[PDB]
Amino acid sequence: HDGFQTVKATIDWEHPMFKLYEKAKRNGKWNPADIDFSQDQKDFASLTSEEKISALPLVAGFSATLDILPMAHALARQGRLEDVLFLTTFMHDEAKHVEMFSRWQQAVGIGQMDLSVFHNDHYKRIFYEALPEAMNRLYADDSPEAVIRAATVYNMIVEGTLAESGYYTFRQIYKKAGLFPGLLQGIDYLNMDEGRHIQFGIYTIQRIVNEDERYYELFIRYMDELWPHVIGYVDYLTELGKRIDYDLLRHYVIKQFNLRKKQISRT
């Protein structure tokens, strides 16, 4: 350490990531331990076994360990105190996301099911390969390019495209049916958390584009490199369920993906 900002100066109170950190503290007090899951257990019990099986592929998607931590290292190493302050709320959010799904699986009795079997090739290419490789790269390579790639795979694709669509899917299937109210309450808290996360992704990608516009084009190319595995995983889930409007859900994915591109401007 050469020195410390809160000794020489203050926190940059006007920094957008400090203002995002404040929002996270106000809006992130929810606790998975407070959610009533007893109705969810009775709803899963009340399902024929045909209906129990059809829910597992989508739930299997969410069963995927502080994925953002290397970004917190890289940005701390650069002296971005406000970002680090925000990223402590990002990490705690993700601990609560693992907690909520774990508790819900326990309540409905599938926490010991090996849900891995519903991860096809395209899923694994995103969650087993591109996400951890892009984030871990940042411990050795913190370049403008490496940071945009990390934020694209994780914040714009994994959170901003796939998770968003999964949450919308959960409301479209179960909220309408009046099923699984504890799960849906959890989903709504996760969806609010993930909004701040996507905003950190957008801000990170953009303060870089405000440097050099060549990177805006890296952003699009990286977004486009991953698209075949987003839609390839979506199609596999579509196929399994048909064996609930699957064509408006595939359209929501496409909608979300192009909407992520539009939140980064060239100027």
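Rigid core here is just the name for the largest C-alpha set that superposes within 1.5 Å across the two forms. The first residue of the sequence shown is number 1, and the count goes up from there.
- Looking at 208-216 and 66-74, the one farther from the shown form in 7 other deposited structures of this protein by average CA distance, after a rigid core fit, turns out to be 66-74.
- Between 55-63 and 198-206, the larger mean CA deviation from the shown form in 7 other deposited structures of this protein, after core superposition, belongs to 55-63.
- The deposited sequence places 10 or more unmodelled residues between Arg243 and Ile244.
- Where coordinates are absent for parts of the deposited sequence, a chain break appears; between neighbours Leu69 and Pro70 there is no such break.
- Relative to its counterpart among 233-241 and 199-207, 233-241 has the higher mean temperature factor, C-alpha atoms as listed in the PDB entry.
- Judged by mean Cα B factor in the deposited record, 47-55 ranks above the other of 217-225 and 47-55.
- Per the PDB record, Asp114 has a higher Cα B-factor than any other of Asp114, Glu82, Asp193, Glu164.
- The residue among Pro144, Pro132, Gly160, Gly186 whose C-alpha atom has the highest B-factor in the PDB entry is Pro144.
- In the deposited entry, the Cα temperature factor of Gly109 places it in the middle third of its chain's modelled residues.
- Among the modelled residues of the chain, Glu14 sits in the middle third by CA temperature factor in this PDB entry.
- Residue-level temperature factors show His251 in the highest third of its chain, judged at the C-alpha atom.
- Among all modelled residues in this chain, the alpha-carbon of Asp40 has a temperature factor (C-alpha) in the middle third.
- Ranked by Cα temperature factor within the chain, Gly182 sits in the lowest third according to the deposited record.
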